[PDB]
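Reading through the structure tokens given below for one structure.
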Amino acid sequence: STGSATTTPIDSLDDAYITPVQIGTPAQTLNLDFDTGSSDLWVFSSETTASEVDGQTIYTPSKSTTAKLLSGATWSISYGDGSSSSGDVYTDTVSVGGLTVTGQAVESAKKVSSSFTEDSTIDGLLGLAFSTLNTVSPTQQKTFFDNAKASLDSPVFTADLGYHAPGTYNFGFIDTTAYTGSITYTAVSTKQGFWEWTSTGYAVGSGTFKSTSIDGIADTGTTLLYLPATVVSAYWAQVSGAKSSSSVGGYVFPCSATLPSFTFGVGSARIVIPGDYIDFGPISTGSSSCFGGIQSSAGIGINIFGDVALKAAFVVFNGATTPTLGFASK
Numbered sequence: 001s002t003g004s005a006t007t008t009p010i011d012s013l014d015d016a017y018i019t020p021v022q023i024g025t026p027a028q029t030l031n032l033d034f035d036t037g038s039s040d041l042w043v044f045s046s047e048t049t050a051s052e053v054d055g056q057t058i059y060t061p062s063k064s065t066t067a068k069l070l071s072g073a074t075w076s077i078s079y080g081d082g083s084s085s086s087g088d089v090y091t092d093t094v095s096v097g098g099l100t101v102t103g104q105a106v107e108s109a110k111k112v113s114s115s116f117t118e119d120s121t122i123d124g125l126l127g128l129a130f131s132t133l134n135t136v137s138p139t140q141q142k143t144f145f146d147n148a149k150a151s152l153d154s155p156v157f158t159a160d161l162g163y164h165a166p167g168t169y170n171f172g173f174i175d176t177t178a179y180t181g182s183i184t185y186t187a188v189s190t191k192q193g194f195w196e197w198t199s200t201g202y203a204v205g206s207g208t209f210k211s212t213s214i215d216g217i218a219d220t221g222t223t224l225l226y227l228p229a230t231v232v233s234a235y236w237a238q239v240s241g242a243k244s245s246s247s248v249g250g251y252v253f254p255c256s257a258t259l260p261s262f263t264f265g266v267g268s269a270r271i272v273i274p275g276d277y278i279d280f281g282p283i284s285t286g287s288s289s290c291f292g293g294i295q296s297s298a299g300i301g302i303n304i305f306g307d308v309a310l311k312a313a314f315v316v317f318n319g320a321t322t323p324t325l326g327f328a329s330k
């Protein structure tokens, strides 16, 4: 089997991407944030504290003939940005782009933090990291990908995120028309439960490539590119007037600037992030200070190849017995 679904930016800055997901019988379609940095499929629901729902579409398990309470199971998750959610668990039928999993754990939110409430466009998350990170207790649950894997034509999914435009998540096949050149594959460590890999270096603009190992995670659920302070300083030093602002919470730059590209290494291959992808616009409405898309990972504890980086590539998440990651230009 295979699946193919379009993923769409939630706003003009590509702050996140939503992908329609069918849950239950008859189908209830919710727009979920596919997150390769976590492993819980959770949704706004009929059980969510009413004051914490503001425009989201909710899953109502009582209206699904295939929903079953997973008795005794609860979940609770905290994300890197400080947001959180928790609740109980149903199993139900879940389909993405024509690919159906029966018996999928659907985590129903009883509580969500303010950032979720305040984002009316995201109805929940669909985790695509390794199932060892799943938070369901006392019986840990499998991700949608893990449940689908055996049935897939090939045990892979791909992320093809757009810049200010829709893109695609495919399951079970590699669309050879979706990228240019060849795909370069690189080793993955699953020790922390992430799609963790080591980049071979970077370049700023038309500058020379610096060979250096950068361990980080491929994370579709993180907006920006978070790298070591040395790398980030070297980038922003090439933008007149750019500076790190503690009051704003990272590097800002004059909105009048033209940003240089940023290249990262994947083995001997190179992925180029155009300068425009690194512009996240005015810090506040009407400001001439703009927020940067490359930020320091210092104090996160991990480097994160988030959407800014991933949307410059066609990315293969290979879930074979020994997982790997593939990157191609597009």
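Straight run, no breaks: the sequence shown in the deposited numbering ends on number 330. C-beta: ideal position from N, C-alpha, C; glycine also.
Beta-carbon separation (whole angstroms), residue i vs residue j, contact threshold 8 angstroms
{"i": "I183", "j": "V316", "result": "6 angstroms"}
{"i": "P138", "j": "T7", "result": "Their Cβ separation, rounded to whole angstroms, is 33 angstroms, which puts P138 and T7 out of contact at 8 angstroms."}
{"i": "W236", "j": "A242", "result": "4 angstroms"}
{"i": "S261", "j": "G275", "result": "5 angstroms"}
{"i": "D219", "j": "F291", "result": "Contact doesn't hold; Cβ gap of about 19 angstroms is too wide."}
{"i": "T93", "j": "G24", "result": "6 angstroms"}
{"i": "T324", "j": "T186", "result": "7 angstroms"}
{"i": "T117", "j": "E52", "result": "5 angstroms"}
{"i": "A159", "j": "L310", "result": "6 angstroms"}
{"i": "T135", "j": "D40", "result": "6 angstroms"}
{"i": "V252", "j": "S245", "result": "5 angstroms"}
{"i": "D54", "j": "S120", "result": "6 angstroms"}
{"i": "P9", "j": "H164", "result": "7 angstroms"}
{"i": "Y17", "j": "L161", "result": "6 angstroms"}
Contact check, residue i vs residue j, beta carbons under 8 angstroms
{"i": "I217", "j": "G80", "result": "no"}
{"i": "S64", "j": "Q104", "result": "no"}
{"i": "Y59", "j": "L30", "result": "yes"}
{"i": "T2", "j": "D153", "result": "yes"}
{"i": "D88", "j": "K111", "result": "no"}
{"i": "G201", "j": "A328", "result": "no"}
{"i": "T143", "j": "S131", "result": "yes"}
{"i": "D35", "j": "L128", "result": "yes"}
{"i": "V204", "j": "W195", "result": "no"}
{"i": "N170", "j": "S4", "result": "yes"}
{"i": "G265", "j": "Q295", "result": "no"}
{"i": "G319", "j": "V156", "result": "yes"}
{"i": "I77", "j": "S71", "result": "no"}
{"i": "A312", "j": "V272", "result": "yes"}
{"i": "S211", "j": "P254", "result": "no"}
Span of the alpha helix (DSSP H) around residue i
{"i": "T117", "result": "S114 to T117"}
{"i": "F209", "result": "That residue, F209, is in no alpha helix (DSSP H); it is neither H nor E in DSSP."}
{"i": "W236", "result": "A229 to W236"}
Cut-off 6 angstroms between Cβ atoms - residues of its own chain near residue i, not counting five sequence neighbours on either side
{"i": "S115", "result": "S83"}
{"i": "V308", "result": "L224, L225, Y277 and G293"}
{"i": "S95", "result": "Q22"}
{"i": "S268", "result": "none"}
{"i": "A257", "result": "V239"}
{"i": "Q141", "result": "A105 and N134"}
{"i": "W197", "result": "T186, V188 and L325"}
{"i": "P61", "result": "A67 and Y90"}
Proximal residues to residue i (C-beta, below 7 angstroms), its chain only, five neighbours per side dropped
{"i": "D123", "result": "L30, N31, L32, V43, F44, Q56 and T57"}
{"i": "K68", "result": "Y90 and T91"}
{"i": "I302", "result": "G216 and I217"}
{"i": "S113", "result": "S83, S84 and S85"}
{"i": "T49", "result": "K110 and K111"}
Residues that residue i bridges to, as DSSP identifies them
{"i": "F44", "result": "Paired residue(s): none; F44 is not in a bridge."}
{"i": "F144", "result": "Bridge partners of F144: none, in fact."}
{"i": "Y17", "result": "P9"}
{"i": "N170", "result": "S4 and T158"}
{"i": "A150", "result": "Beta-bridge pairing links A150 to no other residue."}
{"i": "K111", "result": "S86"}
Span of the beta strand (DSSP E) around residue i
{"i": "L310", "result": "Element bounds for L310: not the beta strand (DSSP E) but the alpha helix (DSSP H), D307 to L310."}
{"i": "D35", "result": "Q28 to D35"}
{"i": "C290", "result": "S289 to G292"}
{"i": "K243", "result": "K243 to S245"}
{"i": "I271", "result": "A269 to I273"}
{"i": "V252", "result": "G250 to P254"}
{"i": "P282", "result": "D279 to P282"}
{"i": "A328", "result": "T324 to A328"}
{"i": "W75", "result": "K68 to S78"}
{"i": "residue 366", "result": "The structure shown does not extend to residue 366, since the chain spans only 1 to 330, so no value can be given for it."}
{"i": "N134", "result": "Neither: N134 is in no beta strand (DSSP E) and is coded neither H nor E."}
{"i": "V96", "result": "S84 to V96"}
{"i": "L126", "result": "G124 to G127"}
{"i": "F317", "result": "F314 to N318"}
Within-8 angstroms CB hit, residue i to chain C
{"i": "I304", "result": "Given the protein chain composition of this structure (a single chain), no chain C is represented."}
Residue i CB to nearest heavy atom of the ligand GTP below 7 angstroms
{"i": "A16", "result": "The model on display carries no ligand, and the ligand GTP is accordingly not part of it."}
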